[PDB]
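Only one structure is covered here, and it is reproduced in the block below.
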Amino acid sequence: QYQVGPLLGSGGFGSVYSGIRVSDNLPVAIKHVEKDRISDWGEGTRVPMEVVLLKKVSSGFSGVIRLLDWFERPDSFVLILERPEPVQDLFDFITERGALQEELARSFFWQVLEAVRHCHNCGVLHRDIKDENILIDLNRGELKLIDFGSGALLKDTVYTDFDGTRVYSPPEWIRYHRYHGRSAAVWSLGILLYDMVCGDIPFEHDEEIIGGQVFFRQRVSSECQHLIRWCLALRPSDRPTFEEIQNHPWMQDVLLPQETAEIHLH
Amino acid sequence: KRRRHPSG
Ligand SMILES: CC(=O)c1cccc(-c2cnc3ccc(NCC4CC4)nn23)c1
């Protein structure tokens, strides 16, 4: 049913292959995870949490890569996901282009915010928002979220577990092993926005994360600096809500994805 | 200077 192409990559998320659905030559990605390697399960039977979360968010169009099907094997699960073509991850786009023009960062950041809102509306917290987990559809100018292997159901009580990326993790996790979902998401969004307009993440060490001194290494507008600094407030309750982010003055007059592809990607 | 950071 799927014709397996080359390996795209592997790591903590499993092994991901290019593929085509035989039935109609639709490009897919085929993702293998061994059961021993999975820690977070969910409710068919016990599936990995990624499957539960993907099903919660894969209905309707969105900026989330959609789960098309999945299979259990004796030692592993196999997930079939959409694959845009052609396609570059945001980490590599940034490495190759350096700091992004503000117009482009705004278009990308806006799309990520809409995707994360979608997930939260569906009851899903991603918990590993970072450039490596965002794909760009280079023709359509559309961003897509991937890798829900560290996610959870969204809740209003405290989380005391975390297996996302530490340099995107908020000070309250580093100091207390405690965070709330939305406020931790907003922190990760601050890290991401900085990454886009400066060309790399602001903090590498625990001490920098909790110190919360933001130093700008590139020329960034005052309005953009203000938004980033707000997302990166040390106190969780001082961070903006998604509405406050999207209403921020830096976020006005966003390009449409087709305009973004035409001006910046084509 | 710029690198990926694996989860976990
Ligand atoms: C790179 C690519 O085309 C693609 C397309 C659809 C889904 C995914 C996917 C889904 N979950 C993950 C988790 C990690 C991941 N890594 C980025 C590329 C190296 C595999 N990709 N990925 C990748």
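Counting starts at 1 for both ligands and their atoms, in listed order. Here is the naming used below: chain letters follow the sequence lines, and residue numbers restart at 1 for every chain.
Between atom 2 (C) of ligand 1 and the options A:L145, A:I146, A:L67, A:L135, the minimum heavy-atom separation is to A:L135. When the options A:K144, A:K31, A:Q88 are ranked by their closest heavy atom to atom 11 (N) of ligand 1, first place goes to A:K31.
Around atom CZ of A:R117, no more than 12 heavy atoms belonging to other residues, nucleotides or ligands sit under 6.0 Å away.
Counting protein heavy atoms only, atom 20 (C) of ligand 1 is closest to A:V16 CB, 3.7 Å. Remark: minimum distance from atom 16 (N) of ligand 1 to any protein heavy atom is reached at A:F13 CZ, 3.6 Å.
Judged purely by distance below 3.5 Å, without hydrogens or angles, the side chains of A:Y194 and A:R217 pair a donor atom with an acceptor atom.
Listed by atom number, the atoms of ligand 1 under 4.0 Å from A:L81 heavy atoms are 10 (C). Set against the non-hydrogen atoms of A:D147, the atoms of ligand 1 under 4.0 Å away are 11 (N), 13 (C). Shown in contact with A:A29 at under 4.0 Å from a heavy atom are these atoms of ligand 1, numbered in order with element: 5 (C), 6 (C), 7 (C).
The residues A:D89 and B:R4 are annotated as salt-bridged, a charged nitrogen and a carboxylate oxygen being separated by less than 4.0 angstrom. Under the 4.0 Å criterion applied to side-chain N and carboxylate O atoms, A:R239 and A:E172 are assigned as salt-bridge partners. The existence of a salt bridge linking A:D206 and A:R166 is confirmed by a sub-4.0 Å separation between a basic side-chain nitrogen and an acidic carboxylate oxygen. Classification of A:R37 and A:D75 as a salt-bridged pair fails, no side-chain N sitting under 4.0 Å from a carboxylate O.
Between the side chain of A:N133 and the backbone N or O of A:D128, at least one donor-acceptor pair lies under 3.5 Å.
For ligand 1, the polar-atom distance check against A:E82 finds no nitrogen or oxygen pair separated by under 3.5 Å.
In this structure, atom 18 (C) of ligand 1 has its sub-4.0 angstrom surroundings free of protein heavy atoms.
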